[PDB]
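**Q** Have a look at the structure that comes next, please.
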Amino acid sequence: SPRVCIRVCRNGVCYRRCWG
């Protein structure tokens, strides 16, 4: 049950990657 969620908010740019 993989519940990973990352977020990269830089220079008005949010790179969220909710893997699972």
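The way I read the labels, and the way they are meant: chains A, B, ... in the order of the structure tokens, residue 1 as the first residue of every chain, and ligand 1 as the first ligand shown, with later ones counted on from there.
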From the DSSP assignment of the backbone, select every residue of chain A that is strand (DSSP E), and format the answer as a PyMOL selection string.

**A** chain A and resi 4-6+9-10+13-14+17-19

**Q** Residues within 7 Å of residue 19 (chain A), please, as a ChimeraX atom specification. Count only C-alpha atoms; anything in the same chain fewer than 3 positions from it doesn't count.

**A** /A:3-5

**Q** Output C-alpha atoms for every residue in the selection just made, as a PDB file, in the first residue's frame.

**A**
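The file below, result.pdb, is the result:
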```pdb
ATOM      1  CA  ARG A   3       1.200   6.170  -0.152  1.00  0.00           C
ATOM      2  CA  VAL A   4       3.897   8.591  -1.313  1.00  0.00           C
ATOM      3  CA  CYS A   5       3.191  12.232  -2.150  1.00  0.00           C
TER       4      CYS A   5
END
```

**Q** Hey, what's within 12 Å of residue 18 (chain A) if we count only C-alpha atoms and toss same-chain stuff fewer than 2 positions away? As a list in words, please?

**A** residues 2, 3, 4, 5, 6, 7, 8, 15, 16 and 20 of chain A
